[PDB]
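Here's the structure, in structure tokens; my notes come after.
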């Protein structure tokens, strides 16, 4: 019932933990970067995933447990402008996270309106992962969430995606929003 059936293909990257960032590589002006950001006002965990759009590698990841709203946004800003003012991919739906406009943070809106949008984004991430295109810091917390994200049947008979056990899907969504922008041999539509 694992969602990420191609987890055996997930490349693992060595990294240096500096501050709260898991840093694999510093900024490269020759490259374009983007940030998949699962965050919000009332959230136990917020995750920022910096994707290198030329190499397809998560070159930096930032996870924070119970940070204030001013902390998440200030650190999202510093993270974006440390990678060529990378544009953020956030589930803004069009009112709240426009705090990004105030801070002057470039961003692409990704409204997770229906369960199928969430399921599409993640299934895209799972497909790239099974194709050998996803590479993340070699952190066990990342690996555990991917393994723990599973399909569950409903009484109707159809399946839904859920994180039980610890019940965290903030890394999963952070990676999905980032790899949605990734052109390998295909760009993500829908």
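In the numbering used here, the protein residues as written are 14 to 203.
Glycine is no exception: its CB is placed at the ideal position from the N, C-alpha and C atoms.
Query, Result
"Quick one: grab the DSSP three-state call for residue 111.", "coil"
"Does DSSP put residue 121 in a helix, in a strand, or in coil?", "strand"
"Would you kindly work out how many angstroms separate the C-alpha atoms of residue 197 and residue 130, rounded to a whole number?", "21 Å"
"Please state if the CB of residue 46 and the CB of residue 36 are separated by a distance shorter than 7 Å.", "no"
"Hey, how far is the Cα of residue 23 from the Cα of residue 17?", "10 Å"
"Assess, as a yes-or-no matter, whether the region 164-179 is touched by the region 92-108 under the definition of 3 or more beta carbon pairs within less than 8 Å.", "no"
"Regarding residue 185 and the ligand ATP, is the C-beta to nearest heavy atom distance less than 6 Å?", "For the ligand ATP, the structure offers nothing, since it holds no ligand at all."
"Would residue 38 pass as a contact of residue 72 if the rule is Cβ separation under 7 Å?", "yes"
"In or out: residue 135 buried (at least 16 other Cβ within 10 Å) or exposed?", "buried"
"If you reduce the DSSP assignment to three classes, tell me which class residue 40 lands in.", "coil"
"Quick one: using the 10 Å Cβ neighbour count with 16 as the cut-off for buried, is residue 195 buried or exposed?", "buried"
"Going by beta carbon distance, what residues of the same chain come within less than 7 Å of residue 166, once the five residues before and after it are set aside?", "172"
"The beta strand (DSSP E) with residue 148 in it runs from where to where?", "148-150"
"Could you spell out the range, first to last residue, of the alpha helix (DSSP H) harbouring residue 100?", "It is not in any alpha helix (DSSP H) - residue 100 instead sits in the beta strand (DSSP E) that spans 100-103."
"Can you tell me whether residue 49 is helix, strand or coil according to DSSP?", "strand"
"Any idea what DSSP makes of residue 86, helix, strand or coil?", "helix"
"How many Å lie between residue 188 and residue 49 at the Cα?", "6 Å"
"Note down the Cα distance separating residue 185 from residue 159, rounded to an integer number of angstroms.", "7 Å"
"Have a look at residue 31 and residue 75 and give me their C-alpha separation to the nearest angstrom.", "10 Å"
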